[PDB]
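> coordinates for the following, if possible.
(5 chains, ligands or ions: 3)
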Amino acid sequence: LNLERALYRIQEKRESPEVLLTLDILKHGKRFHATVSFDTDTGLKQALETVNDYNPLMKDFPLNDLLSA
Amino acid sequence: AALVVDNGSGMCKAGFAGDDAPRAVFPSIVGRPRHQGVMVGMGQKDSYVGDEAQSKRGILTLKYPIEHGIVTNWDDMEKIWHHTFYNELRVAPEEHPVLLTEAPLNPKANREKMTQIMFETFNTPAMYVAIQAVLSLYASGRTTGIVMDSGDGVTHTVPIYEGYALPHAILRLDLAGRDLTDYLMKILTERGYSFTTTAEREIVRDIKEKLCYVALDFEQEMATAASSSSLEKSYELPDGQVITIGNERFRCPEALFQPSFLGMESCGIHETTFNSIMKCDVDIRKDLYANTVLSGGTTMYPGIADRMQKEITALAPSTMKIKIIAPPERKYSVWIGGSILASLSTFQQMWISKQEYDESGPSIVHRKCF
Amino acid sequence: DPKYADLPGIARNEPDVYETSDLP
Amino acid sequence: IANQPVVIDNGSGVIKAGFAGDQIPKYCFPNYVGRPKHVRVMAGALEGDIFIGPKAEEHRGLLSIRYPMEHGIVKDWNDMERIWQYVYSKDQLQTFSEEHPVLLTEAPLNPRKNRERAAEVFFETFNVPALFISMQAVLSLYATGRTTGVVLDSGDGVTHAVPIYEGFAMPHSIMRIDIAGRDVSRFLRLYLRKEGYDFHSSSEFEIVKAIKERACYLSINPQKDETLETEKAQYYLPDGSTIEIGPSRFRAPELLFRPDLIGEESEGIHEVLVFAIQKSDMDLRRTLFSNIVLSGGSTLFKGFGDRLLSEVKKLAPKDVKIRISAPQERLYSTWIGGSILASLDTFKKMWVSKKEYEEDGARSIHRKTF
Amino acid sequence: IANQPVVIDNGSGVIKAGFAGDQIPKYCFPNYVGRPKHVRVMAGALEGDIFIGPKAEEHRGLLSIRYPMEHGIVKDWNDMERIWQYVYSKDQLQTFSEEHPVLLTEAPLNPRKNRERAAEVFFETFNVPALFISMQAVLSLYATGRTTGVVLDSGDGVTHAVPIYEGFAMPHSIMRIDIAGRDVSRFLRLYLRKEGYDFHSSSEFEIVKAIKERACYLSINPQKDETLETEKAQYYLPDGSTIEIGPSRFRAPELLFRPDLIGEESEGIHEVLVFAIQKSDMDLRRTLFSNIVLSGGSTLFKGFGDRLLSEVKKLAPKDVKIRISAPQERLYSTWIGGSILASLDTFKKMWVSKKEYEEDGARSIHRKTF
Ligand SMILES: Nc1ncnc2c1ncn2[C@@H]1O[C@H](COP(=O)(O)OP(=O)(O)OP(=O)(O)O)[C@@H](O)[C@H]1O
Ligand SMILES: Nc1ncnc2c1ncn2[C@@H]1O[C@H](COP(=O)(O)OP(=O)(O)O)[C@@H](O)[C@H]1O
Ligand SMILES: Nc1ncnc2c1ncn2[C@@H]1O[C@H](COP(=O)(O)OP(=O)(O)O)[C@@H](O)[C@H]1O
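Residues are numbered from 1 along each chain as shown, chains lettered A, B, ... in the order given. Ligands and ions are numbered 1, 2, ... in the order given. Please find the structure below.
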């Protein structure tokens, strides 16, 4: 749960227009593999994808139904 | 890693994946001597590839399988390619995938013929062919833009809006500098500079690159240049001959602005590009006004951007600001665009392997075009 | 008025109340 | 979870959203279902393949704008899947389906089917905690503070009069029609072809709507101004192209009063509202003359209500004081009314719990919708 | 005037002419405006530089042929005037405007400017006593004898469906699309460049039209007949030279139903006609279904109508019987219908006198016409 929380938060930090704008700065400034070597070096896609994979399993769990009760 | 092989309509360029300087910078021209009653000169080649043909240019019949890019005899260029390997990199094509160039409105049989040469002949592990304009915009670093691509054998403005297929406005145009050189040597013939073979053409195309520029008001500049006797500049050629060119320098590229000189039944390059512009959404064409991507090595001309710009500016509204994109390295940006394009992650998967071709035949060229 | 500025699709210079010229 | 509920200011042409208590919705956007129509040539191109928001508000030259809410009435539930799918974006939400209660709105005289299928969506696919969907007229009255009032509300392919006295069950007296600005703008495309403007895209239609809200007004004299010579207001594109208008700007809304101009029998907004008046009572009618709630952005025109005042003055008898109420936010009046209504404690019964619909069905809510 | 009325079959691509008292047009020719692309010094060539008839029908590779009716809309009216003078000339009529009643043709919802400009010619330059110009649909109605129906008049470069029951207009159902066979011929040279055939001239476009009207049809199954192996029929040039065809001959008019190939949105005019059907009355539709009006020479394809019947089966409900109304000489059918209309004596109110033009002109045109 907290994984996905921080994943989306850091994801939005990444998705800020300054970061993406600088990727544009570099690649249009002939530093041609900013988004290439950037997006490929991100596991954020796969991590969020894994939380989406295990999404209904981590959900509706009877944790407090047994521990708290 | 791969083989970034550029196929220049005039000269050539090549190298591996990610190489910066083009290695095979040589004339992509074919040549053979006058195979006659005389014997061989101490043993020598039959066909003369580029610089070899350029060397002994007085007899070697400078030809081209290339018909404004359309290669007729593929045997020529493929032997050139073999020697090009074993000339520049000395690497076999079977270990590294190849990357090639193309121009739109090309008969698919050409590319399929090419393809089967790479597989049946060259046995490349993987292969790919793409448009030169893509590499030009790639070197620019954009995805939205009218890439006016201009080879020295062909011309094709490429309007793009975020890397998307807009072929209805993209139009191939067999406009070669060779055509200008044809007309040029012709008008030279009436100027006392009567010359015939293609060797003459090589010298004068280099002279075209020397002093043939683009003026701003062709008729006014023509009258003033007629009055400007000093503008009729001379140059003692490799042979004892000298030249005289004041009008000719800019008199010759007006054929591009005016098909009338050749009777091409077309429009001038500036409004031709504007016609290609007219085949789109005018509000995204606004971006294209800003995306004035002047590309192709046959745009390395003095006073060409302002000329073209001003022309289409007269055609454009005041708010429609022309914003020229034209680095002087656009000639190399084709091959260098492909060279750095080879280093693309998705492109390392986007391939045409041996069995991929063989098991699909030449049909795979269609979807594996772009 | 401030909310009238906050959103774009809002025009002015027209009274929100339209009534008849109720002849007294 | 029952946190601050999401007040969704729906709409035929403009379906937007915000929250309760707030006076500014953070997600203001219209109805538009577009998607690119080209092939990604150059990699790195911006994608999503279903463009809404800045994508659609940026890449207008590539999308096929679709519309399920034909006359506000949804015809494509798959388009609704995509609409909420974009709505459900966190950059569009910052939440989940359960993080906040939802407050969706409606239009009177609609089938159950709509509520049924939508309940399936937001309580099965999406899993909304609490939600109730009903007419926007009530919310508009909330924003006026009035209770007794004829809500003249118009969508964009919808125009209707809602007579209300303290929100009473009067569906026989309450009227509704589904015809407006979408069709008027389409008729303006007809105007374009008559003028010579060869346009047939939905992106162009957007620009026509920009003119509709921008370079289009009303007059009060139909035939008089028709005989009066116009000026042909030259509109300018984003490109800046001269686009004359003439009297067409107010000629097209005459159809809103003269429905047969498009070939559709009706009686015009005014007479339909008068029919709603007929179903009311003489004493209450005078109140409703004083209680006129004009609403809808489509109602934004020069002397719109003033012309309509003259119309009803020619309709209503003597000594009838007609009074119109029409804020400048004839859109958010519904949004703020939902922002208030959603902010109520009695509202528990007004909303519908998730599990409730999950128990038996939407017919229970159809009992709750009346 | 009490003379024979000039019956002109002014089609966008085929502009024929004749009189009413004649059941066959004697002056038939297509749309063409040629200007000599070559200089002439030595005597032997005739001049005028705007050639109609024989000169244009022989010296195709010499004259820059223009098709001034851009989608049936001409802006180079001057050329058309000269063509009309050519009609007044010895080769066609040897008469005057004042000397005869005249009759031209029209398209629905044309830009008023064109009608005004035409009236300027025929009542200022030319001075026809009584004249009226109308839709080609009425001409077709005379060619069928029918009065009920959806006139599908789809000529050279315009496609339109005209739903009219018993001689009663329904403009909201009446649709018009300014694109047809001319563009399929454009697409045919697009096929030429697909396999490298730079036949860019208008004369070359006529050669393209010769193939279009010589070896082209409609295979009723789209992919089932497209994906097969083609025999590549060797067409014979205006030299008789062999040129293969491919799937091209039948897959070329497919674009008329999927305009996405050219980068356009439409439905296939028959579906627009189905929309008109939907715009009509339920059981009154069935009649129009049986009113399969076939007009415009572009309809000439083998399996054309049957492919459209298949379209009907894919889109229309069961037993709503459709009945093909084919014309024998479709192009003359229009002209003969015009001959019938021009031969109507009652045409008094239907015509427009010259003095009427002198009274209001444009206002009287659009006033008296629809
Ligand atoms: N200084 C110069 N002055 C005039 N023209 C120049 C100059 N430099 C280059 N050119 C033009 O560049 C052309 C060759 O460049 P270009 O890149 O088009 O060759 P190419 O073989 O067509 O390559 P490709 O086929 O890959 O586009 C010549 O025709 C010449 O007109
Ligand atoms: N100035 C204007 N003139 C005409 N139409 C307008 C104007 N402003 C907004 N509109 C239209 O009115 C509609 C908004 O009214 P609303 O009740 O929100 O209707 P909708 O149901 O279409 O969202 C919008 O869809 C918009 O197209
Ligand atoms: N066999 C054919 N195949 C396709 N198109 C044809 C054929 N015969 C004629 N046409 C097209 O139809 C046109 C004639 O139709 P017509 O109604 O006269 O067009 P218009 O009225 O627009 O001149 C010709 O100009 C030609 O382009």
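> for stretch D:94-111, how far is the first residue from the last?
32 Å (C-alpha to C-alpha, to the nearest Å).
> and the stretch 1-150 of chain B, which residues reach ligand 1?
With C-beta under 6 Å from any ligand atom as the criterion, the stretch 1-150 of chain B meets ligand 1 at residues B:6, B:8-11, B:101, B:132. For the C-beta atoms, the positions are set from N, CA and C on the backbone; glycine is no exception.
> out of those residues, grab the one that's most surrounded.
residue B:132 (28 neighbours; other C-beta atoms under 10 Å in any protein chain shown).
> can you list the buried residues in stretch B:6-26?
Under the neighbour-count criterion of 16 or more other C-beta atoms under 10 Å in any protein chain shown, stretch B:6-26 has B:6-17, B:19, B:22-26 buried.
> go through the residues you listed and flag which are in strands.
Judged by DSSP state E, the buried residues of stretch B:6-26 include B:6, B:13-16 as members of strands.
> near chain D, which residues of chain C?
By the rule C-beta under 8 Å from any C-beta of the partner chain, the part of chain C lying against chain D is C:3-4, C:6-12, C:14, C:16-20, C:22.
> circling back to that earlier point, residue B:227: which of the residues of the stretch 1-150 of chain B next to ligand 1 is nearest?
Closest approach between those and residue B:227, by C-beta to C-beta: residue B:10, at 34.3 Å.
> ok, the closest one - contacts?
Residue B:10 makes contact with B:27-29, B:151-153, B:177-178, B:205 under the criterion C-beta atoms under 8 Å, 6 or more residues apart in numbering or on different chains.
> what's the span of stretch D:80-94, first residue to last?
OK, stretch D:80-94 end separation, C-alpha to C-alpha: 20 Å.
> just confirm yes or no for that stretch near chain A.
Yes - judged by C-beta under 8 Å from any C-beta, stretch D:80-94 comes into contact with chain A at residue D:90.
> can you pull the buried residues of that stretch?
Using 16+ other C-beta under 10 Å as the burial criterion, the residues of stretch D:80-94 that qualify are D:80, D:82-84, D:86-88, D:92-93.
> for chain E, give me its nearest residue in chain C.
Nearest to chain E in chain C, going by C-beta to the nearest C-beta, is residue C:9, at a distance of 27.7 Å.
> helix, strand, or coil at that residue?
Recorded secondary structure, residue C:9: coil (DSSP: H, G, I helix; E, B strand; the rest coil).
> need the contact list for it.
Residue C:9 neighbours (C-beta under 8 Å, 6+ apart): D:14, D:213, D:297, D:331.
> just the helices in chain C please.
Under the criterion DSSP state H, chain C contains helices at C:2-6.
> separation between the closest residue to ligand 1 within the stretch 251-370 of chain D and residue D:262?
The stretch 251-370 of chain D approaches ligand 1 most closely through residue D:252 (52.1 Å), counting by C-beta to the nearest ligand atom. Remark: distance between residue D:252 and residue D:262 (C-beta to C-beta, to the nearest Å) = 10 Å.
> and those two? Which one has more around it.
When residue D:252 is set against residue D:262 and neighbours are counted by other C-beta under 10 Å, the residue ahead is residue D:252, at 23 against 18.
> for chain A, state which of the contacts of residue C:9 is nearest.
When the contacts of residue C:9 are compared against chain A (criterion: C-beta to the nearest C-beta), the nearest one is residue D:14, at 26.1 Å.
> what's the residue positioned nearest the centre of chain A in contact with, if anything?
In chain A, the residue lying closest to the centroid (C-alpha atoms, centre = their mean) is residue A:44, at 3.5 Å. Applying C-beta under 8 Å, 6+ apart to residue A:44 gives the contacts A:7, A:10-11, A:14.
> and if you look at residue A:26?
Here residue A:26 is in contact with A:32, A:34 (C-beta under 8 Å, 6+ apart).
> ok so, going back, of the residues of chain C next to chain D, buried ones?
Applying 16+ other C-beta under 10 Å to those flags C:7, C:10, C:18-20 as buried.
> which one of those is nearest ligand 3?
Lowest distance from ligand 3 to those (C-beta to the nearest ligand atom) belongs to residue C:10, with 49.3 Å.
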